[PDB]
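What follows is a set of notes on a single structure, which appears directly below.
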There are 6 protein chains.
Amino acid sequence: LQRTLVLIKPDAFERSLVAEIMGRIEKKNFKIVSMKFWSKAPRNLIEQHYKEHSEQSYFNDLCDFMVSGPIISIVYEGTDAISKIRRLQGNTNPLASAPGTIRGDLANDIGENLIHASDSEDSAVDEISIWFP
Amino acid sequence: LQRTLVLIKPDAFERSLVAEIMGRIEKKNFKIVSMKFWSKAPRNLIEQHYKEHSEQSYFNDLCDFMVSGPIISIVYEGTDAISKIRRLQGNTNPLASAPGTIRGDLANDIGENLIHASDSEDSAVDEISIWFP
Amino acid sequence: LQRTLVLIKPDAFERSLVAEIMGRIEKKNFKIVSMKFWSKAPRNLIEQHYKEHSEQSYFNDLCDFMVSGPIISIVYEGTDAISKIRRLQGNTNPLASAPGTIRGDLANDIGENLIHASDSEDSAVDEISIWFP
Amino acid sequence: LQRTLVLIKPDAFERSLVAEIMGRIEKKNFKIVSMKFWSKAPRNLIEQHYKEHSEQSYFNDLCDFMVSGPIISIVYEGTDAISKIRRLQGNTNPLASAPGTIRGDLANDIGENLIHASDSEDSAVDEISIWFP
Amino acid sequence: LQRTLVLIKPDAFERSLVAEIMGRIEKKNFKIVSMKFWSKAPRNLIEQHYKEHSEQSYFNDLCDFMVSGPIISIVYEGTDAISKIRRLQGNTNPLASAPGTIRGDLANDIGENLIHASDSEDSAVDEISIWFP
Amino acid sequence: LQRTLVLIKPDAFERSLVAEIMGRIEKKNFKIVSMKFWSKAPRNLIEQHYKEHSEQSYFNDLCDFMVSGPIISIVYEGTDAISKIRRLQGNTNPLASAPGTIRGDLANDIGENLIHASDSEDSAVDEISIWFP
Ligand SMILES: Nc1nc2c(ncn2[C@@H]2O[C@H](COP(=O)(O)OP(=O)(O)O)[C@@H](O)[C@H]2O)c(=O)[nH]1
Ligand SMILES: Nc1nc2c(ncn2[C@@H]2O[C@H](COP(=O)(O)OP(=O)(O)O)[C@@H](O)[C@H]2O)c(=O)[nH]1
Ligand SMILES: Nc1nc2c(ncn2[C@@H]2O[C@H](COP(=O)(O)OP(=O)(O)O)[C@@H](O)[C@H]2O)c(=O)[nH]1
Ligand SMILES: Nc1nc2c(ncn2[C@@H]2O[C@H](COP(=O)(O)OP(=O)(O)O)[C@@H](O)[C@H]2O)c(=O)[nH]1
Ligand SMILES: Nc1nc2c(ncn2[C@@H]2O[C@H](COP(=O)(O)OP(=O)(O)O)[C@@H](O)[C@H]2O)c(=O)[nH]1
Ligand SMILES: Nc1nc2c(ncn2[C@@H]2O[C@H](COP(=O)(O)OP(=O)(O)O)[C@@H](O)[C@H]2O)c(=O)[nH]1
Ligand SMILES: [Mg+2]
Ligand SMILES: [Mg+2]
Ligand SMILES: [Mg+2]
Ligand SMILES: [Mg+2]
Ligand SMILES: [Mg+2]
Ligand SMILES: [Mg+2]
């Protein structure tokens with residue numbers, strides 16, 4: 001029914017949490033449709049991915065972070081996959097992310113937060129085309 | 001103090017999640033008082049269990065599902081066991097079930113949702129008598 | 001395709017390791033074909049089960065232990081299930097049971113050793129007829 | 001940025017949940033700054049720790065409980081560590097503690113609830129000085 | 001420092017064990033240097049990969065199985081990675097694979113055995129050039 | 001009933017495996033009788049602990065590593081605790097440590113190997129007096 005774009009971020013690799021994160025999505029019965037490993041993502045790709053954040057004070061630090069180690073980009077498929085994976089992901093802010101969520105259990109920074117997931121049907125299409133042209 | 005009726009549903013067997021589900025209840029320190037394995041539950045038993053749903057459009061599909069593989073029926077005992085296990089179970093709807101709950105972590109369908117737990121003292125008594133006459 | 005008889009012993013209930021043990025077998029892709037919960041196993045069934053030990057110095061303590069809490073009797077089905085589950089179980093002696101096995105990881109006593117598994121085709125048939133006549 | 005005081009309570013030792021609890025805090029990327037194992041904490045220490053509860057009907061039972069087995073006292077450090085660990089801990093009341101939290105997943109009593117964490121900056125300072133003078 | 005080629009086989013996807021298998025390797029501190037997801041591996045790549053088996057009785061079934069679902073091809077890097085991952089993998093024969101190994105804990109069939117790993121430096125070079133030319 | 005001395009080494013803190021290692025021992029039903037956290041172990045204690053290695057080529061690197069981060073010193077108690085925990089620990093050489101063991105599953109270096117355990121009754125007495133005089 002729906003396809004969403006997930007990024008396993010460089011901090012997941014540094015902290016050896018790649019399997020842990022992918023395992024939480026896998027156990028929810030979401031199916032991998034496409035996947036790519038990036039040893040270092042091109043900065044331009046990152047900048048496109050986060051285009052809506054270009055005027056934010058953290059934009060450059062964010063881009064630096066996202067190129068600092070490997071990323072895995074994954075297209076997951078399932079009924080209402082976009083909203084469901086967003087709820088598994090958890091809130092951006094470590095003051096709010098709920099225990100039981102990926103970020104709530106594992107992330108302790110607003111920036112180094114392990115995982116990206118598309119937030120809407122519109123943005124899922126855009127992001128899938130970025131990472132899987 | 002309280003006794004509640006839990007069903008491990010056929011999807012749990014298919015997806016090899018029986019131990020995972022029982023383990024979550026066990027780690028919460030609830031005690032098994034009775035347990036029965038059903039290779040295939042009798043349809044009539046299922047129909048009685050879900051009698052309140054007989055006029056629903058999904059009733060037949062639900063009954064078909066519940067006889068499609070094995071079920072384990074368990075009576076768990078503990079202080080406020082009925083409400084506590086309901087909260088561990090999670091919401092029926094995969095749009096609502098919270099990460100950290102059984103359904104929130106593991107279920108991705110409104111129908112194939114791994115687990116039944118009694119919703120009240122009144123229904124616990126009824127269901128216990130159905131599965132353990 | 002073989003059937004084997006497994007008992008989850010009273011120490012597993014005491015230490016809340018029931019799901020942990022069943023999980024290890026389930027993950028190995030073995031299927032439950034029968035299962036019974038015993039709040040307290042009748043002494044005669046225990047003495048029949050361990051009849052080969054009836055003249056050993058530890059027989060009375062063994063029987064006492066086996067009726068000291070609940071047990072689950074499970075028939076598991078799989079290709080070469082008997083030997084495979086015996087290998088998962090691990091050695092009776094905690095000085096010999098290998099890490100990775102159920103007893104090697106979890107048990108620390110020659111007597112309170114969490115799990116029984118049939119040791120041959122013939123003993124399997126006998127034990128199945130005892131717990132599931 | 002912040003330091004908070006955690007107690008692993010005697011029930012965690014009895015139920016073999018020490019690692020499980022510490023593991024949840026560790027995976028959130030909080031750093032141990034100080035740690036002490038108490039075979040049995042002095043009653044006076046407990047009474048100081050829970051001074052605000054001296055006029056409560058459960059005070060004596062609580063103190064009895066807290067000296068009934070070992071405690072580990074830990075100072076954890078991290079950005080907003082006090083509130084973050086409180087959220088991981090979960091509500092005191094087993095009717096309210098959320099699945100995904102330490103208490104929500106593992107505790108089933110209002111009193112025997114596995115873990116203490118400081119509730120404010122003010123109380124963190126007081127408790128750290130009690131356990132680590 | 002060596003590179004080895006690992007395949008996550010179609011049975012791992014069917015049984016939702018992809019993260020479980022990758023997790024065991026990740027926890028051993030091995031680093032992904034390349035990775036590809038194959039919705040369906042092309043038959044020619046499979047037949048090249050298993051070319052040494054082309055005249056065996058099981059070749060056709062093997063190839064059929066290997067294209068029956070998705071696979072992930074991973075190049076892992078680490079000191080003595082080849083032999084170390086082979087030891088984690090465990091024996092092909094489910095009567096021989098040790099508990100603690102990937103196959104020993106998880107696989108129950110000589111053919112559907114979850115994971116491939118290069119068996120030598122030379123076979124590693126060959127397999128890497130096949131999946132990552 | 002024996003007591004053994006365990007050290008959780010600095011690589012365990014770096015890789016966030018402290019609870020994982022302690023968990024494996026706790027699950028084997030061993031009891032903590034003493035424990036100390038060392039933000040940085042004093043060099044003299046390290047050199048005393050590894051005094052048998054003082055003339056080895058790796059002594060300086062070993063000592064450097066052992067003071068490069070925090071360590072926990074634990075005295076564990078159990079029947080045949082010394083040999084049993086040594087078997088859980090696994091071989092020093094990552095080419096020899098068996099899957100299922102702590103080092104076999106988690107360590108990938110001869111030097112950064114996560115855990116020390118006393119190797120005999122006599123070395124246990126010596127190490128206990130060093131870390132807990
Ligand atoms: N330092 C910092 N980084 C931020 C902040 N807000 C967002 N970011 C970074 O920008 C990324 C995108 O932000 P957003 O779409 O709002 O959050 P997400 O969808 O939860 O990842 C986040 O993953 C953060 O790493 C902030 O307030 N401070
Ligand atoms: N397909 C479908 N099935 C439903 C729906 N509502 C309930 N069911 C099924 O009927 C069962 C009983 O419903 P209910 O008592 O409301 O939910 P539960 O107590 O959370 O299991 C559920 O477990 C579902 O499998 C629905 O809207 N659609
Ligand atoms: N105390 C004691 N108990 C024993 C001994 N040998 C066997 N037992 C007990 O008797 C049970 C059956 O023994 P056996 O069939 O040889 O071992 P198992 O198949 O590995 O459980 C074991 O599970 C032990 O609990 C012994 O030497 N000492
Ligand atoms: N029996 C009982 N014990 C309580 C109650 N409220 C608090 N306690 C105990 O007193 C301790 C301190 O209470 P409090 O600071 O409010 O809760 P906490 O910070 O969540 O541990 C708790 O951990 C409980 O063990 C109660 O209503 N009944
Ligand atoms: N049915 C069957 N399949 C086999 C046999 N031997 C090998 N295979 C299959 O061929 C694949 C490659 O064999 P091999 O290189 O010897 O084993 P591996 O490196 O442990 O996977 C194995 O993974 C099996 O799936 C056999 O005797 N019978
Ligand atoms: N680099 C290096 N370090 C070693 C060697 N042998 C021992 N060590 C280090 O010295 C420590 C003590 O050695 P030993 O008592 O033999 O091994 P252990 O009891 O298994 O830790 C080990 O944990 C290693 O970190 C070696 O051959 N090379
Ligand atoms: Mg976003
Ligand atoms: Mg209901
Ligand atoms: Mg036997
Ligand atoms: Mg408080
Ligand atoms: Mg091979
Ligand atoms: Mg040594």
Side-chain angles (χ1 to χ4, degrees), chain A residues 23 27, chain B residues 6 8 12-13 15-32 35 72 74 76 88 102 105-106 115, chain C residues 6-30 32 35 37 69-74 76 84-91 94 97-109 112-117, chain D residues 12-21 23-24 105-106 108 114, chain E residues 17 20 23-24 99-101 104-106, chain F residues 19-30 88 99-102 105:
Chain A
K27 282 163 166 174
Chain B
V6 166
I8 311 303
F13 290 87
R15 294 175 62 203
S16 302
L17 291 174
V18 176
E20 179 65 35
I21 295 154
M22 290 177 73
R24 292 166 180 243
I25 302 164
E26 181 175 19
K27 282 163 166 174
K28 186 77 166 162
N29 211 35
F30 290 108
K31 186 180 151 170
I32 299 167
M35 184 163 59
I72 294 164
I74 312 169
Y76 284 108
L88 284 175
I102 292 162
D105 291 343
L106 305 166
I115 177 168
Chain C
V6 159
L7 306 178
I8 306 304
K9 296 181 176 180
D11 52 336
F13 284 85
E14 187 62 30
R15 294 171 63 204
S16 307
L17 291 168
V18 175
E20 174 67 36
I21 296 150
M22 294 179 64
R24 289 166 178 241
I25 302 170
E26 189 176 8
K27 281 186 173 148
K28 186 71 162 166
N29 209 194
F30 290 109
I32 300 161
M35 172 164 48
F37 172 81
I71 69 156
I72 305 163
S73 66
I74 312 163
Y76 283 110
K84 285 173 186 167
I85 290 173
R86 286 281 284 173
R87 216 145 64 95
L88 246 44
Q89 173 188 221
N91 196 282
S97 61
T101 69
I102 293 160
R103 292 161 164 182
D105 292 346
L106 305 170
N108 207 15
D109 189 74
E112 299 178 353
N113 58 37
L114 298 168
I115 175 169
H116 169 81
Chain D
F13 290 87
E14 179 73 16
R15 294 175 62 203
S16 302
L17 291 174
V18 176
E20 179 65 35
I21 295 154
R24 292 166 180 243
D105 291 343
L106 305 166
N108 208 17
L114 303 168
Chain E
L17 291 168
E20 174 67 36
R24 289 166 178 241
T101 69
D105 292 346
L106 305 170
Chain F
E20 174 67 36
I21 296 150
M22 294 179 64
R24 289 166 178 241
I25 302 170
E26 189 176 8
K27 281 186 173 148
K28 186 71 162 166
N29 209 194
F30 290 109
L88 246 44
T101 69
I102 293 160
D105 292 346

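Lettering of chains follows the sequences in order, A, B, ..., and the numbering in each one begins at 1.
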#### Entry: Evaluation steps, side chain to side chain contact (heavy atoms under 4.5 Å, CB included), between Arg87(C) and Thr101(C)
CA-CA 7 Å; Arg87(C) 216 145 64 95; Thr101(C) 69; over 6 Å; no
Distance-minimising heavy-atom pair for [X] and [Y]:
X: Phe37(C); Y: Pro70(C); value: CE1-CB, 3.6 Å
X: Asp105(D); Y: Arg24(D); value: OD2-NH1, 2.9 Å
X: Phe13(C); Y: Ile71(C); value: CE1-CA, 4.0 Å
X: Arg15(B); Y: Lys27(A); value: NH2-O, 3.0 Å
X: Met22(F); Y: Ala19(D); value: C-CB, 4.1 Å
X: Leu17(C); Y: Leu106(C); value: CD2-CD2, 4.3 Å

### Query
Quick check: does any side chain N or O of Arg103(C) sit under 3.5 Å from a backbone N or O of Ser97(C), one acting as donor and the other as acceptor?
no
### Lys28(B) and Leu88(B): CA distance, side-chain angles, deciding distance, side chain to side chain contact (heavy atoms under 4.5 Å, CB included) verdict
CA-CA 9 Å; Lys28(B) 186 77 166 162; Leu88(B) 284 175; 4.1 Å; yes
### Query
Between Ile25(B) and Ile115(B), is a side chain to side chain contact (heavy atoms under 4.5 Å, CB included) present by the stated rule, with each step listed?
CA-CA 11 Å; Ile25(B) 302 164; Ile115(B) 177 168; 4.1 Å; yes
### Task
Test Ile72(C) against every option in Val6(C), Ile21(C), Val18(C) by the side chain to side chain contact (heavy atoms under 4.5 Å, CB included) rule and name the one that passes.
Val18(C)
### Task
Using a 4.5 Å cut-off on heavy atoms from C-beta on, say whether the side chain of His116(C) contacts that of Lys9(C).
yes
### Message
Distance check, rounded to the nearest 0.5 Å: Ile85(C) atom CD1 versus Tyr76(C) atom OH?
### Response
7.0 Å
